[PDB]
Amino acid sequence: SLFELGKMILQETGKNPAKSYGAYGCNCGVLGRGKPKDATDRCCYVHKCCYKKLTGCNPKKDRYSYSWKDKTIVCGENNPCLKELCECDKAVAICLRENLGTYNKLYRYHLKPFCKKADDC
């Protein structure tokens, strides 16, 4: 669920998740996907496509279990969908940390409705 996602983002990036990613670019936060503005936005784009591809569970609602072993998100879910879900979230949190280097505050509160439509996942 977003509860685990939020935690992972904190774990990976050390940044407040909503402040930095609750509304950033065309893809981070609500209002679905759009053409990514930058690498960070691309994380969120990929993340949303990851969610979309999940057939067997609800990515935003469904809670799952994961661990923090050697400063690494470890998805210990036996439930296949929750496992794929956890891996979706892990991947975006890692992506977000890896792209902090080009994170641009001007993309915070980017006007999403005016984003170019996104190519399908």
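By rigid core we mean the largest C-alpha set that fits within 1.5 Å across both forms. Residues carry their position along the shown sequence, with the first being 1.
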## Note on the structure
Top-deviation stretch by C-alpha RMS in 4 other deposited structures of this protein (rigid core reference), from 61 to 69, 75 to 83, is 75 to 83
#### Entry: Mean C-alpha temperature factor, higher of 109 to 117 and 6 to 14
109 to 117
### Task
Would you tell me which stretch averages the higher CA B-factor in the PDB entry, 86 to 94 or 47 to 55?
47 to 55
### Task
Pull the Cα B-factor of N27 out of the PDB entry and bin it into the chain's lowest, middle or highest third.
middle
## Note on the structure
Chain thirds by Cα B factor, record data; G34 belongs to the middle
### Message
Please place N78 in the lowest, middle or highest third of its chain according to the CA B-factor in the PDB entry.
### Response
highest
### Query
In terms of the CA temperature factor given in the entry, to which third of its chain does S67 belong: lowest, middle or highest?
middle
